[PDB]
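S.K.: Below you'll find the structure I mean.
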Ligand SMILES: *[C@@H]1O[C@H](CO)[C@@H](O)[C@H](O)[C@H]1NC(C)=O
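Numbering (the deposited numbering), first residue to last: 514 to 645, 650 to 753, 765 to 855.
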């Protein structure tokens, strides 16, 4: 306060352990880089395959990727949804058209553009476009159990993602990024930047990592939205990205740049050819850490035990939710 200083509150805390660094000789991850017309699967070995997964002549509006089923749903610019299941980077099943009911919620016409996947409830989230407003509305994989969350807004979201484990849906406009839960109870706006680009969500890190192609610098956005932090970036404007540990994937139009966010982009650690792709609006990493079922923190407390002659009623408290987690 103005007059003085209060007492000192002490706390003991340990941060998490260092992630193991895989070199250029021993990189074994797999990626899907997704274009508007050319969707391609690549393996990050020194001897890696540069193979086509799927080619669509129509422009694809948004994608959604599942880990447990390996399915890339496809939504075009018209609004007809094609469900396409793959297996390990190639065709096992073709595209199936999935029809969606409007119901009594969608009173007027609305067309789809957006795709996102919850892996805990197996529940799809899409926002709509009105031919006069942009309104988020949730349904099942089959599609009949449709009900809407939130309120319509005029600003177009360009990218929708799900952090299922912490219970959040992020929609990001050209005006702001927003944070909202799965049941429609609480709605929060995070940060105000004119035209942000692509964001990637890590659920264990609790950090939204975002690249502006207009600014061309790092930006860190937290889940409450009040924390903003830059880092030094290698210079080239990449439309999307993926993060693999301490290494950063930056796709050029002919190669891929492997940097550890301090070395230059002119000398990558390893390069993989991307010559069939025109541009990279969506870089998707195939790790099991991209969709964890593990919340990665747990210790019970307040153990109460009420006993008897030959029995006991024993009650404990669940570990509490964090503010970066949801209800
Ligand atoms: C940090 O160290 C103290 C002192 O040894 C210990 O009691 C505490 O458990 C540590 N904190 C964590 C979160 O491990």
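A virtual CB, placed ideally from N, CA and C, is assigned to each residue, including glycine.
Leaving out the 5 sequence neighbours to the left and right, which residues in its chain are closer than 7 Å to residue 713 when beta-carbon positions are compared?
M.R.: By 1-based counting over the chain shown, the position of residue 713 is 196. Same-chain partners within the cutoff: 689, 694, 727, 729.
S.K.: I need the DSSP call for residue 680, collapsed to helix, strand or coil.
M.R.: Numbered from 1 along the chain shown, position 163 holds the residue referred to as residue 680. Of the three classes helix, strand and coil, the one that applies to residue 680 here is strand, per DSSP.
S.K.: Are the beta-carbon atoms of residue 674 and residue 640 separated by less than 9 Å?
M.R.: For the purposes of this step, residue 674 is identified with residue 157 of the chain shown, where counting begins at 1. For the purposes of this step, residue 640 is identified with residue 127 of the chain shown, where counting begins at 1. Against a cut-off of 9 Å, the Cβ pair of residue 640 and residue 674 comes out as a contact.
S.K.: Can you round the beta-carbon distance between residue 621 and residue 667 to whole angstroms, since I take them to be within the 8 Å contact cut?
M.R.: Taking the chain shown and counting its residues from 1, the one referred to as residue 621 is at position 108. Taking the chain shown and counting its residues from 1, the one referred to as residue 667 is at position 150. Incorrect: roughly 17 Å between the Cβ atoms, too far for contact.
S.K.: How should residue 704 be labelled, buried or exposed, when 16 other C-beta atoms within 10 angstroms of its C-beta is the threshold for buried?
M.R.: Start at 1 with the first residue of the chain shown, and residue 704 comes out as number 187. It counts as exposed.
S.K.: Have a look at the DSSP bridge pairing and note the partners of residue 715.
M.R.: The residue given as residue 715 occupies position 198 in the chain shown. Per DSSP, none; premise fails for residue 715.
S.K.: Ligand 1 and residue 718: does any heavy atom of the ligand fall closer than 8 Å to the residue's C-beta?
M.R.: As a working note, residue 718 is residue 201 in the chain shown. It does not: the Cβ of residue 718 is nowhere closer than 8 Å to a heavy atom of ligand 1.
S.K.: Indicate whether the contact test is met: 3 or more Cβ pairs, each with one atom in the stretch 548-565 and one in the stretch 793-809, closer than 8 Å.
M.R.: Contact holds: three or more Cβ-Cβ distances are below 8 Å.
S.K.: Where residue 691 and residue 564 are concerned, what is the direct C-alpha to C-alpha distance, given to the nearest angstrom?
M.R.: Within the chain shown, numbered from 1, the residue matching residue 691 stands at position 174. Within the chain shown, numbered from 1, the residue matching residue 564 stands at position 51. The alpha-carbon atoms of residue 691 and residue 564 are separated by roughly 34 Å.
S.K.: What's the call for residue 522, buried or exposed, on a 16-neighbour Cβ count within 10 Å?
M.R.: Start at 1 with the first residue of the chain shown, and residue 522 comes out as number 9. Counting Cβ neighbours within 10 Å, residue 522 comes out exposed, since fewer than 16 surround it.
S.K.: For residue 552, verify whether its CB is less than 8 Å away from any heavy atom of ligand 1.
M.R.: Locating residue 552 in the chain shown gives position 39, where the first residue counts as 1. Residue 552: no, Cβ never under 8 Å from ligand 1.
S.K.: If I'm right that residue 614 touches residue 663 with Cβ under 8 Å, what's the distance once you round it to whole angstroms?
M.R.: Residue numbering aside, residue 614 sits at position 101 when the chain shown is read from its first letter. Residue numbering aside, residue 663 sits at position 146 when the chain shown is read from its first letter. Between residue 663 and residue 614 the Cβ distance is about 6 Å, and since that is below 8 Å, they are a contact.
S.K.: What does the Cβ neighbour count give for residue 781, buried or exposed, with the cut at 16 atoms within 10 Å?
M.R.: Locating residue 781 in the chain shown gives position 253, counting from the first residue. The residue is exposed, with fewer than 16 neighbouring Cβ atoms inside 10 Å.
S.K.: Helix, strand or coil for residue 631? Go by DSSP, reduced to three states.
M.R.: What you label residue 631 is simply residue 118 of the chain shown in a count that begins at 1. The answer is coil: DSSP assigns residue 631 none of H, G, I, E or B.
S.K.: Answer yes or no: do residue 553 and residue 802 have a C-beta to C-beta separation smaller than 9 Å?
M.R.: Here the question's residue 553 lines up with position 40 in the chain shown. Here the question's residue 802 lines up with position 274 in the chain shown. In contact: residue 553 and residue 802 (Cβ atoms closer than 9 Å).
S.K.: Tell me whether residue 779 is buried or exposed, calling it buried when 16 or more other Cβ atoms sit within 10 Å of its Cβ.
M.R.: For the purposes of this step, residue 779 is taken as the residue at position 251 of the chain shown. So residue 779 counts as buried.
S.K.: Tell me which residues share the same chain as residue 676 and place their Cβ nearer than 7 Å to its Cβ, disregarding the 5 neighbours each side in the sequence.
M.R.: Translated into positions along the chain shown, residue 676 becomes position 159. For residue 676, where only same-chain residues beyond five positions count, the Cβ hits under 7 Å are 689, 715, 716.
S.K.: Please classify residue 624 as buried or exposed, where buried requires at least 16 neighbouring CB atoms within 10 angstroms.
M.R.: In the chain shown, counting from the first residue as 1, residue 624 sits at position 111. Classification for residue 624: exposed.
S.K.: Can you say whether residue 610 is buried or exposed, counting buried as having 16 or more other CB atoms within 10 angstroms of its CB?
M.R.: Along the chain shown, one-based indexing puts residue 610 at 97. The residue in question, residue 610, is exposed, as its Cβ has fewer than 16 Cβ neighbours within 10 Å.
S.K.: Give the list of continuous beta strand (DSSP E) stretches no shorter than 3 residues that lie fully inside the stretch 773-817.
M.R.: Taking only runs of at least 3 residues, the beta strand (DSSP E) segments lying wholly in the stretch 773-817 are 775-779, 784-787, 810-814.
S.K.: Quick check on the DSSP output: what are the complete beta strand (DSSP E) runs of length 3 or more inside the stretch 525-579, in order along the chain?
M.R.: Counting only runs of 3 or more, we get 543-547, 551-556, 563-568, 573-578.
S.K.: Collect the residues with a C-beta less than 5 Å away from any heavy atom of ligand 1 and give them in sequence order along the chain.
M.R.: Working through the chain, the matches are 525, 527.
S.K.: Under 8 Å by Cβ, that's how I've got residue 751 and residue 731 pegged, so tell me the actual separation to the nearest angstrom.
M.R.: Reading the chain shown from its first residue, position 234 is the one you call residue 751. Reading the chain shown from its first residue, position 214 is the one you call residue 731. In fact, because the Cβ distance is near 17 Å, the residues do not count as touching under 8 Å.
S.K.: Distance, Cα to Cα, residue 768 vs residue 811?
M.R.: Against the chain shown, residue 768 aligns to sequence position 240. Against the chain shown, residue 811 aligns to sequence position 283. Near 6 Å, if we compare the C-alpha coordinates of residue 811 and residue 768.
S.K.: Hey, quick one: how far does the beta strand (DSSP E) through residue 605 stretch, first residue to last?
M.R.: The count along the chain shown starts at 1 and reaches residue 605 at position 92. 603-611 is the span of the beta strand (DSSP E), which, as asked, contains residue 605.
S.K.: Is it buried or exposed for residue 630, if we count other Cβ within 10 angstroms and need 16 for buried?
M.R.: Against the chain shown, residue 630 aligns to sequence position 117. Its Cβ being crowded by 16 or more others within 10 Å, residue 630 is buried.
S.K.: Considering only C-alpha positions, which residue in the set 776, 592, 846, 818 is nearest to residue 578?
M.R.: As a working mapping, residue 578 is identified with position 65 in the chain shown. Among 776, 592, 846, 818, the Cα nearest to that of residue 578 belongs to 818.
S.K.: Tell me the rounded alpha-carbon separation between residue 655 and residue 602.
M.R.: Translated into the one-based positions of the chain shown, residue 655 becomes position 138. Translated into the one-based positions of the chain shown, residue 602 becomes position 89. Looking at the two C-alpha atoms, the distance is approximately 28 Å.
S.K.: Taking just the CA atoms, how far does residue 710 sit from residue 724?
M.R.: For the purposes of this step, residue 724 is taken as the residue at position 207 of the chain shown. For the purposes of this step, residue 710 is taken as the residue at position 193 of the chain shown. Going from the Cα of residue 724 to the Cα of residue 710 covers about 17 Å.
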